[PDB]
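Chemist: Would you mind keeping the following structure in view while I ask a few things?
There are 4 protein chains.
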Amino acid sequence: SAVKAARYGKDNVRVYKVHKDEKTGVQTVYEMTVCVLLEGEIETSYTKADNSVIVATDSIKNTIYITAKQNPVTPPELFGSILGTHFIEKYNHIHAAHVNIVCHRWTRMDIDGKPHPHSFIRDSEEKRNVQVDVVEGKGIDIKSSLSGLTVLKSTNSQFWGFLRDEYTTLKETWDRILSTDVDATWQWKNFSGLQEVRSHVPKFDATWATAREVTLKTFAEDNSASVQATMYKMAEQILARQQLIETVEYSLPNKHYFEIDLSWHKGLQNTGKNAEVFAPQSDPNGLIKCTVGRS
Amino acid sequence: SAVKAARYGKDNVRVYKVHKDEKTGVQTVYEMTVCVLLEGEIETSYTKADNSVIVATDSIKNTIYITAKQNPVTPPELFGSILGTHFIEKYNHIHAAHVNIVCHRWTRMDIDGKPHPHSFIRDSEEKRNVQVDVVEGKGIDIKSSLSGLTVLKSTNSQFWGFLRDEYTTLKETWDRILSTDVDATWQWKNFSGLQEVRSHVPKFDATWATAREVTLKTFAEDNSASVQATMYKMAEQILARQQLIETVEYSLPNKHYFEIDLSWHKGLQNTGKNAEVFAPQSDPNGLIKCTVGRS
Amino acid sequence: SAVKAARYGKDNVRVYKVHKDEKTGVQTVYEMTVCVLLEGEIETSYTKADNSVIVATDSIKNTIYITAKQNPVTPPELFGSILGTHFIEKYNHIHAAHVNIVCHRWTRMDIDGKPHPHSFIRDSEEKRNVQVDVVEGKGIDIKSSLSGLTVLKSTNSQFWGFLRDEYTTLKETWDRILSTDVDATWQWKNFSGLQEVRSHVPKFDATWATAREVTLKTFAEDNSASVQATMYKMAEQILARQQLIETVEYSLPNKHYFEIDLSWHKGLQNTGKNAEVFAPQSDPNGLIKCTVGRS
Amino acid sequence: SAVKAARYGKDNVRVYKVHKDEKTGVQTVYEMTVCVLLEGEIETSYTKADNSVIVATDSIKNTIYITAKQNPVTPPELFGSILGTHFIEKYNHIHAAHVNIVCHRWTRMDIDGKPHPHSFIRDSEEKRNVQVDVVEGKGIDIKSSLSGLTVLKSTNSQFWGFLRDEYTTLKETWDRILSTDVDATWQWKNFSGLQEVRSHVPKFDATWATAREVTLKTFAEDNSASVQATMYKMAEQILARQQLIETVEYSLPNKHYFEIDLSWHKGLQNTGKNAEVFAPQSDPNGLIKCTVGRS
Ligand SMILES: O=c1[nH]c(=O)c2nn[nH]c2[nH]1
Ligand SMILES: O=c1[nH]c(=O)c2nn[nH]c2[nH]1
Ligand SMILES: O=c1[nH]c(=O)c2nn[nH]c2[nH]1
Ligand SMILES: O=c1[nH]c(=O)c2nn[nH]c2[nH]1
Ligand code: NA
Ligand code: NA
Ligand code: NA
Ligand code: NA
Ligand SMILES: [Xe]
Ligand SMILES: [Xe]
Ligand SMILES: [Xe]
Ligand SMILES: [Xe]
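Sequence lines, in order, name chains A, B, C and D. Quick note: the first sequence uses the numbering used here, first residue 30, plus one each step. Quick note: the second sequence uses the numbering used here, first residue 30, plus one each step. Quick note: the third sequence uses the numbering used here, first residue 30, plus one each step. Quick note: the fourth sequence uses the numbering used here, first residue 30, plus one each step.
Okay, here's the thing in structure tokens:
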């Protein structure tokens, strides 16, 4: 037997950082969960009980806090690239670092119509994420994403003209509820190293904001022919607005809301045009994915 | 042996309702999870296998959908009272109904600075809840609550002057992070029946909004001496603003964020005035409760 | 306004303890999650910012570890009573302690048909719990429970003869699946203090084992007329076997498994006597409760 | 823009099946959660709103129930292969099916030392899983796994001799607690189609049982030099016992239990040889992975 692949590190490292402006008194907080996994010439820790090649996962944890102390933690694409680069530069025998960051929302409170200097609210479990792979001699690959963005529209969604055979019971519809949890990932062109990542810093927050805005607007305005058709429109627009993105991937559950026939009860009408009360279904759910790239 | 207490019913009934304004084209959605438990002269179903006294839980489920079809579902205090009253009026041998409703957020989307007519976002897992107990001959008791409101302030929280003995290691502090998930419940004076509940309908949404606003403002503005002292200030203000509330209860976790001493690493300073990077603690947590009533 | 009720303390304190037998080499592990909430003359911490009355929740955490170091942690009824008694004896102004303990399963592994001396498996998320209320001058009240015991029987459950009216669609049945998650609580007679709790130590583990055995056997053997009738049989037997229990409470979800009509597809028969494939329903669920005491 | 990859289908389809032996009266139950995603010539549903190419996800759901009705559901490797093959044979334009199955435990109850004919218990949230990829013209690729197997040993784990630098605070140890949740996957050699999968049916359950047994025994008996070294020993043995497996992958969290220094309290000794009470840490955790194949 032989080791074909190996990676190890620290998962679920929660980190908070505060920035304090001395001039204005305004404070800004960041909270993330970080995972770092390393690869390199570490096979002997598995095969020969040779721990000399192991950077202890506890040390990886320490390094995350130290790096957060000495560097900006925003945008997360930059922080992840700094953190990953550290490991390949510091340890001769480590040749790849894989950094995943989940950013949690702390939105500044408005009190009496004014932004509060040091108080924050968690408005939604929506996350902004990055995956950064730093591979020695191959640069820095960054995938940015948003997840946990949950939306619903109550009309202007249709689904008809699908394949009908002996397995089909679904009725065609010209008016249905459409609800999903959006997971959208945009993959950046490969960067040569940290200097190049630094050179593009302003694009990271702007592209996240664009991806979010395009997602929300397209969802709200499309008279949707299917989840497939609407998601494609989203991806197309993101690629058109940021040339440094190579691909956009969406993964969307179709969270079903079923009509409830109440006609058995005093002829009550609650289907088709008369549908007012619906039963949200926890499971099963449709799952629709697509990756869109350039011609 | 004897049956000392018994209740039964249907839990986790998910319900969605849409309202469509024909004039303006605007749609509004409501989504709730409902639980209904009944009590009454049902002991024989337990002791003698006499199912004749059982309103099937499946029928309770049907009744929830039918009631939602025929009545407004907002404010939830009214819907819960209608639903509970139904059971005690319809079934001679049922003498109490206990209705719990959790309302999920579907907030209308703003697209290009304008409210969208039929598209919604789940902004946070904050819930608005009601517990309604309808007891034959004793009226209607309603407890209203908000839960899952998660906040953090990065300064203007202190904790010093507590009891110190041989079990104490905690250092006094004049500047700490304070973060909590707010669970706040206000208990209404007993109502004589549905007519009286209807007469107070406008107060329900207004009091919820007040409770939320007081919670947020007090949290943001109090230079907090402890969770205990700040929560009391919140409860006092709510009672002062709505005379029909008898008690206010708060239950607040104290979600700790620990300083990280980094001085072992090149004398890096990250404690006290120099603290920038902290470690959020998932557990354990303080838990502080109080019920405030009138003199 | 006035403080009507107040309690505070530490929740979610995870504790592990190991016992090492020097003679046999055998090790035994215990793992629990503990919550302690205190009451007493603490109103001024809320109303006047007087922290002098506060035993810090951090100190409560320390006390839990110290008490676990110096005392047996099994049975949990004894440990909870020791822990609660500590607070009312140590602090003059604290008059009640409320201790909740959840015990996690670590079952010794069998390797090659022999018990291993120091290796354990988590066989199920079933928990054994205690709630201990120690109130100065009123003794010690203990509620013991098991929870998270999930069972299913594929036949020998019936449900017919229930009330039928205009809200009823449920068909009577003489053969259905019955599945539930068992939550069973037995409440001990009040104990005068720690000496009396110590005197009954052997009864705690034995009664837990009896409650579990009666639950499982009755579920498996009863040709069940309803959840109500079967649960009553369980409670009756527990009360008959332990005279020091005053009441038994069961709370049981009815986790539904629905027949799937496949007759639309090539006349395939999958209902009634021909039912083989079913759809488990995540929600809604029946919820049936009962508290049984002595005549 | 162009569609680079696309797949869609139904997730979270819960299925239960019962087998009834008419001769013995014994019943056996199976419960699974199934996901099926399809690929093929479906780009136009995304780009042109052409639903004619879409097998509706609702129809995929129906197909899962129909297939479960007409075929054995055990071993899951066989059921997944039947289900996946169906889609590529039935629909000309579908060229790959991806089937994931999670099998839930329903273990027959022992009542009075005898196996009960129709009553079952969920002993642990451990799962047995399969991933089956059926690709037209490329055969059937099957990955089998176990997950959610949670174990702990209280001694006979060491960790010393790791890299020490200016980022390191971790002390070397010759005696620690080791606890993990095991995720183990074995990848079968590619099968040419369903006939070949059928020919190997007996190997599936036997290999699962072997993988489980090797995991448990090695964990219990290894005087572990690290998670890395112990997991390698596990993987090596599995590959030696089943020649039709190409690779074994383990992914193991290192769930930390920290010593608690109590010496500040009356010189109480609870570290090193005197350690009895520990604090389980919910996060962060080490994460160690390895894929082992043949020379
Ligand atoms: O078994 C271990 N492997 C590791 O890589 C490690 N790092 N810290 N502690 C550890 N324990
Ligand atoms: O056992 C049951 N008890 C009930 O009260 C009930 N209601 N519907 N189905 C049921 N099954
Ligand atoms: O606000 C607080 N209240 C308390 O009771 C406490 N105990 N430790 N820290 C604390 N902070
Ligand atoms: O938008 C949809 N896409 C689909 O593929 C599908 N299948 N059933 N319903 C559906 N809705
Ligand atoms: Na390197
Ligand atoms: Na009545
Ligand atoms: Na006292
Ligand atoms: Na095909
Ligand atoms: Xe951070
Ligand atoms: Xe609703
Ligand atoms: Xe413990
Ligand atoms: Xe199944």
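We treat Cβ as the ideally placed atom computed from N, Cα and C, and that holds for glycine.
Quick one: what's got a C-beta closer than 8 Å to residue 326 of chain D's C-beta in the same chain, skipping five residues either side?
Modeler: No answer is possible for residue 326 of chain D: the residues shown for chain D start at 30 and end at 324.
Chemist: Does DSSP put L175 of chain B in a helix, in a strand, or in coil?
Modeler: Taking the first residue of the second sequence as 1, we reach residue 175 of chain B at position 146. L175 of chain B: strand per DSSP, three-state reduction.
Chemist: Please report the residue range of the alpha helix (DSSP H) in which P231 of chain A lies.
Modeler: Walking along the first sequence from the start, residue 231 of chain A turns up at place 202. First-last of the alpha helix (DSSP H) with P231 of chain A: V230 to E250.
Chemist: Do you know how far the Cα of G322 of chain C is from the Cα of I267 of chain D?
Modeler: If you number the fourth sequence from 1, residue 267 of chain D lands on position 238. If you number the third sequence from 1, residue 322 of chain C lands on position 293. Cα-Cα distance, rounded: 55 Å.
Chemist: So for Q266 of chain D, helix, strand or coil by DSSP?
Modeler: The residue you call residue 266 of chain D lines up with position 237 of the fourth sequence. Three-state DSSP puts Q266 of chain D in a helix.
Chemist: Within 10 angstroms of its Cβ, does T214 of chain B collect 16 or more other Cβ (buried), or is it exposed?
Modeler: As a first step, residue 214 of chain B is located in the second sequence; it is residue number 185 there, counting from the start. Burial call: buried.
Chemist: If you compare alpha carbons, which of D:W203, D:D210 and D:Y196 is closest to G177 of chain D?
Modeler: In the fourth sequence, residue 177 of chain D corresponds to position 148, counting from 1. Looking at the Cα atoms, D:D210 is the closest of the given residues.
Chemist: Ligand 10: which residues have Cβ under 5 Å from any of its heavy atoms, chain order?
Modeler: The filter returns B:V44, B:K46, B:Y59, B:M61 and B:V102, in chain order.
Chemist: Using only the heavy atoms of ligand 2, determine whether one of them is closer than 7 Å to the beta carbon of residue 328 of chain A.
Modeler: Residue coverage of chain A in this structure runs from 30 to 324, which leaves residue 328 of chain A outside it and unanswerable.
Chemist: Which of helix, strand or coil does DSSP assign to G322 of chain B?
Modeler: If you number the second sequence from 1, residue 322 of chain B lands on position 293. Strand at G322 of chain B.
Chemist: Would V306 of chain D and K182 of chain C qualify as a contact pair, given that the criterion is a beta-carbon distance under 8 Å?
Modeler: As a working note, residue 306 of chain D is residue 277 in the fourth sequence. As a working note, residue 182 of chain C is residue 153 in the third sequence. No.
Chemist: Just the Cα atoms here: how many angstroms apart are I83 of chain B and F191 of chain C?
Modeler: As a position in the second sequence, residue 83 of chain B is number 54, starting the count at 1. As a position in the third sequence, residue 191 of chain C is number 162, starting the count at 1. Straight-line Cα distance between these residues: approximately 5 Å.
Chemist: Using a Cβ-Cβ cut-off of 8 Å (strictly less than) and excluding sequence neighbours within five positions of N80 of chain B, which residues of its own chain qualify?
Modeler: Start at 1 with the first residue of the second sequence, and residue 80 of chain B comes out as number 51. So the qualifying residues of the chain are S74.
Chemist: Any Cβ of chain A within less than 8 Å of the Cβ of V84 of chain D?
Modeler: Translated into positions along the fourth sequence, residue 84 of chain D becomes position 55. Closer than 8 Å: yes.
Chemist: When you check each C-beta in the stretch 292–323 of chain D against every C-beta of chain B, which residues fall closer than 8 Å?
Modeler: Listed by position along the chain: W293, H294, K295, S311 and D312.
Chemist: Take every Cβ of the stretch 267–286 of chain C, pair it with every Cβ of the stretch 311–319 of chain C, and state whether three or more of those distances are shorter than 8 Å.
Modeler: The stretch 267–286 of chain C is in contact with the stretch 311–319 of chain C.
Chemist: Give the C-beta separation of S208 of chain B and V180 of chain B to the nearest angstrom, bearing in mind that I take them to be a contact with Cβ-Cβ under 8 Å.
Modeler: Your numbering for residue 208 of chain B matches position 179 in the second sequence. Your numbering for residue 180 of chain B matches position 151 in the second sequence. Indeed, because the Cβ distance is near 7 Å, the residues count as touching under 8 Å.
Chemist: Which first and last residues belong to the alpha helix (DSSP H) in which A85 of chain A is found?
Modeler: For this step, residue 85 of chain A is matched to residue 56 along the first sequence. Segment: none, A85 of chain A is in no alpha helix (DSSP H) and carries neither H nor E.
Chemist: Hey, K39 of chain C and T86 of chain C: beta-carbon distance below 8 Å or not?
Modeler: Position 10 of the third sequence, counting from 1, holds the residue named residue 39 of chain C. Position 57 of the third sequence, counting from 1, holds the residue named residue 86 of chain C. A contact, by the Cβ cut-off of 8 Å.
Chemist: Quick one: residues with CB closer than 7 Å to any heavy atom of ligand 3, in chain order, please.
Modeler: Any residue whose Cβ sits closer than 7 Å to a heavy atom of ligand 3 makes the list: B:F188, B:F191, B:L199, B:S255, B:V256, B:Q257, B:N283, B:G315, B:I317, C:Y37, C:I83, C:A85, C:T86 and C:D87.
Chemist: In whole angstroms, give me the CA-to-CA distance for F188 of chain C and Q298 of chain C.
Modeler: The count along the third sequence starts at 1 and reaches residue 188 of chain C at position 159. The count along the third sequence starts at 1 and reaches residue 298 of chain C at position 269. Cα-Cα distance, rounded: 23 Å.
Chemist: Between which two residues does the beta strand (DSSP E) carrying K33 of chain B extend?
Modeler: As a working note, residue 33 of chain B is residue 4 in the second sequence. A31 to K49 is the span of the beta strand (DSSP E), which, as asked, contains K33 of chain B.
Chemist: What did DSSP end up calling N283 of chain A once you bin it into helix, strand or coil?
Modeler: Start at 1 with the first residue of the first sequence, and residue 283 of chain A comes out as number 254. In the structure shown, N283 of chain A sits in a strand (DSSP, three-state: E or B).
Chemist: When the Cβ atoms of the stretch 87–100 of chain C are set against those of the stretch 153–171 of chain C, are three or more pairs found closer than 8 Å?
Modeler: Touching, no.
Chemist: Shorter than 7 Å, the distance from the beta carbon of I117 of chain B to the closest heavy atom of ligand 6, or not?
Modeler: Position 88 of the second sequence, counting from 1, holds the residue named residue 117 of chain B. Checking the Cβ of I117 of chain B against ligand 6 gives yes.
Chemist: Under the rule that 16 or more other beta-carbon atoms within 10 Å means buried, what is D170 of chain C, buried or exposed?
Modeler: By one-based count along the third sequence, residue 170 of chain C stands at place 141. Counting Cβ neighbours within 10 Å, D170 of chain C comes out buried, since at least 16 surround it.
Chemist: Should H127 of chain D be counted as a contact of ligand 8 given a C-beta to heavy atom distance under 7 Å?
Modeler: The residue you call residue 127 of chain D lines up with position 98 of the fourth sequence. Flag unset: Cβ of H127 of chain D not near ligand 8.
Chemist: Is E70 of chain B near ligand 6, in the sense that its beta carbon is under 7 Å from a heavy atom of that ligand?
Modeler: Sequence index remark: in the second sequence, residue 70 of chain B carries index 41 (1-based). Incorrect: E70 of chain B has no Cβ contact closer than 7 Å to ligand 6.
Chemist: Name, going along the chain, the residues of the stretch 168–191 of chain D whose beta-carbon falls closer than 9 Å to a beta-carbon of chain A.
Modeler: Under the 9 Å Cβ criterion, the stretch 168–191 of chain D contributes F188, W189, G190 and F191.
Chemist: Whole beta strand (DSSP E) runs in the stretch 85–120 of chain B with 3 or more residues, listed along the chain?
Modeler: Those beta strand (DSSP E) runs which fall completely within the stretch 85–120 of chain B and span 3+ residues do not exist here.
Chemist: Would you say the beta carbon of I123 of chain B is closer than 7 Å to some non-hydrogen atom of ligand 6?
Modeler: Residue mapping note: residue 123 of chain B aligns to position 94 of the second sequence, counting from 1. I123 of chain B Cβ: within cutoff of ligand 6.
Chemist: Is there a Cβ of chain B sitting closer than 8 Å to that of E195 of chain D, yes or no?
Modeler: In the fourth sequence, the residue the question calls residue 195 of chain D occupies position 166. Cβ-Cβ to chain B under 8 Å: yes for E195 of chain D.
Chemist: Run the proximity test for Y120 of chain B: is its beta-carbon closer than 7 Å to any non-hydrogen atom belonging to ligand 6?
Modeler: Taking the first residue of the second sequence as 1, we reach residue 120 of chain B at position 91. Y120 of chain B Cβ: within cutoff of ligand 6.
Chemist: If you measure between the beta carbons of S324 of chain C and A238 of chain B, is that distance less than 8 Å?
Modeler: Working through the third sequence from its first residue, we reach residue 324 of chain C at position 295. Working through the second sequence from its first residue, we reach residue 238 of chain B at position 209. Cβ distance not < 8 Å, so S324 of chain C and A238 of chain B don't count as in contact.
Chemist: Beta strand (DSSP E) containing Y59 of chain C: first to last residue?
Modeler: On the third sequence, residue 59 of chain C is found 30 positions in, with the first residue counted as 1. Run containing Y59 of chain C: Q56 to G69, per the beta strand (DSSP E) assignment.
Chemist: What residues in its chain sit with their C-beta under 7 Å from that of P104 of chain D, if we drop five residues either side in the sequence?
Modeler: On the fourth sequence, position 75 is the one that residue 104 of chain D refers to. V230, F233 and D234, listed in sequence order.
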